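**Q** My questions all concern the structure below.
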Ligand SMILES: [Cl-]
Ligand SMILES: [Zn+2]
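Protein chains in written order, with full-length UniProt numbering: chain A, 90 to 110; chain B, 25 to 54.
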């Protein structure tokens, strides 16, 4: 999930947009 | 865009800004 990807590691803007609706 | 570990409410606010009117889903469930 997002925690592992953006909290634990670092996320680009493009990886953040995968969690938009 | 910032290049940093976004956690807690900092990750949620980020999602709000980036998703806009689209809205988003926040499911921390590992
Ligand atoms: Cl903090
Ligand atoms: Zn803080």
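Where is the CB? At the ideal position from N, CA and C, for every residue including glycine.
Looking only at its chain, what residues have a beta carbon closer than 7 angstroms to the beta carbon of residue 105 (chain A), apart from the 5 residues adjacent to it on each side?
**A** Counting only Cβ-Cβ distances below 7 angstroms, and skipping sequence neighbours, we find 95.
**Q** What does a CB cutoff of less than 7 angstroms around residue 91 (chain A) pick up in its chain, not counting 5 residues either side in sequence?
**A** Result list for residue 91 (chain A): 108, in chain order.
**Q** Can you tell me whether residue 35 (chain B) is buried or exposed? The criterion is at least 16 other CB atoms within 10 Å of its CB, across all chains shown.
**A** By the 10 Å Cβ count, residue 35 (chain B) comes out buried.
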